[PDB]
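Peer 1: Just passing along the structure, written as structure tokens.
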Amino acid sequence: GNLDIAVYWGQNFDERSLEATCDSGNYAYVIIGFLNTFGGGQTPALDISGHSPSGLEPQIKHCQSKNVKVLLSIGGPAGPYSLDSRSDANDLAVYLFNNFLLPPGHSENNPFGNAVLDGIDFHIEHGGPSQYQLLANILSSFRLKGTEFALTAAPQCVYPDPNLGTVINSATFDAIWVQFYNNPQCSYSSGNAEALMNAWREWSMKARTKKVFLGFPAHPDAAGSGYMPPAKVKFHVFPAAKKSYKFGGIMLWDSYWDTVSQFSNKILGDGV
């Protein structure tokens, strides 16, 4: 039926802008990546491939007025991030709250200006569970203080996830987009979906969240392994996945590549 697609944005200086990405009409969620520097005596920092942070202010608002949810992803595939101590978790929690999830205050200054985002995406790929449980408890606390936003996670496809499984079991995430790529044990391999279908059954049965999305790379070049053509996703996957109460739609890695491949257009019947 209707399909919700989430896509990562911010992976290339030369990519279709954020507002044009929202104007495509293909996505329900746009995830800005990544706040990839924090913890360990480090001041937080963004690596959004050189796009001007402030320049994104009007674009985020345009996206939202067209009803596209805009999230900020912390961590990322690569980066000097870690949340080893309890004070790191608290520091990052209140920094994300003041500067991204709330309207402005004036003894500082929001990296994205006066825009307020719709949520935080945990894209933790190294460091173990550390204090990510604590970080999520505080963010979740604020969510219960009248400032509703969403908390999501992007775990690898092996269950349980070594870095986030512990935290996911707390059921704090509103949505999960499992990365069904870069790992042959649980993604599409050689005209072979057995590994993928098995991973999917596990995640949709055991994951403690309301929505589980299937994450795929939008182009053969976008990831080391796991690419599955659109026609095969609709034929192979969708019949068995819709049969799940937790089916959310799909997540695409990433915007820069979808612009090239037109994967989401093919998946949807190409359009707006």
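No value in this document is a laboratory result; all are computed from the given coordinates. Cβ coordinates were reconstructed from backbone atoms using ideal geometry, including for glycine residues, and neighbour counts include every protein chain displayed.
Peer 1: Could you identify which residue out of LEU214, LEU72, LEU92 has the top mean-square fluctuation in a GNM of the chain using Cα springs shorter than 10 Å?
Peer 2: Among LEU214, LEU72, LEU92, the largest mean-square fluctuation in the Gaussian network model of the chain belongs to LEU92.
Peer 1: Which residue, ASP23, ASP14, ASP121, tops the fluctuation ranking in a GNM of the chain built on C-alpha contacts under 10 Å?
Peer 2: Among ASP23, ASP14, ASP121, the largest mean-square fluctuation in the Gaussian network model of the chain belongs to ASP14.
Peer 1: Something else about it: Would you please give the FRET efficiency between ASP84 and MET205, computed as 1/(1 + (r/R0)^6) with r the Cβ-Cβ distance and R0 = 41 Å, to the nearest 0.05?
Peer 2: So the FRET efficiency works out to roughly 0.80.
Peer 1: Give me the mean projected area, in nm² to one decimal, of the convex hull enclosing the Cα positions of the range 168-231.
Peer 2: Values: hull surface 18.3 nm².
Result: a mean projected hull area of 4.6 nm².
Peer 1: Please compute the length gained on full extension between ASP4 and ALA231, using 0.36 nm multiplied by the number of residues separating them and subtracting their Cα-Cα distance.
Peer 2: That works out to 80.0 nm of additional length.
Peer 1: How about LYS232: which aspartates and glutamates have a C-alpha closer than 15 Å to its C-alpha, ignoring those fewer than 8 places off in the same chain?
Peer 2: Here the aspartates and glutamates satisfying the reach criterion relative to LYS232 are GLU194.
Peer 1: Another question, then. If I take every Cα pair under 8 Å that is 6 or more residues apart in the range 61-156, average their sequence separation and divide by the length, what percent do I get for the relative contact order? Spell out each step's value before the answer.
Peer 2: Values: 117 pairs, mean separation 34.5, N = 96.
Computed over the range 61-156, the figure is 36 percent.
Peer 1: Show me the three semi-axes of the equivalent ellipsoid for the range 1-143, from the C-alpha gyration tensor (sqrt of 5 times each eigenvalue), largest first, rounded to whole Å.
Peer 2: 25, 17, 15
Peer 1: Please state the charge dipole magnitude for the chain, taken about the Cα centre, from unit charges on C-beta atoms (+1 on K and R, -1 on D and E), reported in debye and rounded to the nearest 20.
Peer 2: Rounded to the nearest 20 debye, it is 1060 debye.
Peer 1: Any of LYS61/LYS266; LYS206/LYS242; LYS69/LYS211; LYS206/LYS246; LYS211/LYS243 with alpha carbons more than 20 Å apart? Name them for me.
Peer 2: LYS61/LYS266
Peer 1: For each of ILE5, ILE120, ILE48, count neighbouring Cβ atoms within 10 Å of the residue's Cβ, then give the residues from fewest to most.
Peer 2: So the ranking, lowest neighbour count to highest, is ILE5, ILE48, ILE120.
Peer 1: To make sure I understand, if each residue's beta carbon is the centre and we count other beta carbons within 10 Å, what order do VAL70, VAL116 fall in, fewest to most? Numbers along the way, then the final one.
Peer 2: Numbers: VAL70 24, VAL116 19.
The order, fewest Cβ neighbours first, is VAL116, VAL70.
Peer 1: How compact is the range 207-272 by the rule of thumb for globular proteins, expressed as Cα Rg over 2.2 N^0.38 Å?
Peer 2: 1.13
Peer 1: Mind telling me which of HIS236, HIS126, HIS219 comes out most flexible in a GNM of the chain, alpha-carbon contacts under 10 Å?
Peer 2: It is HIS236.
Peer 1: Rounded to the nearest angstrom and ordered from largest down, what semi-axes does the equivalent ellipsoid of the chain get from its C-alpha gyration tensor (root of 5λ)?
Peer 2: Largest first, the chain gives 28, 22, 17 Å.
Peer 1: Using alpha-carbon pairs under 8 Å, 6+ residues apart, how would you state the relative contact order of the chain in percent?
Peer 2: Relative contact order of the chain: 19 percent.
Peer 1: For the chain, with the dipole built from +1 on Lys and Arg beta-carbon atoms and -1 on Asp and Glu ones, taken about the Cα centre, which of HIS51, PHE13, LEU134 lies farthest toward the positive end?
Peer 2: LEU134
Peer 1: As a footprinting exposure proxy, order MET197, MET251, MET228, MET205 by other Cβ within 10 Å, with the fewest listed first.
Peer 2: The fewest-first ordering by Cβ neighbours comes to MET205, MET197, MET228, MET251.
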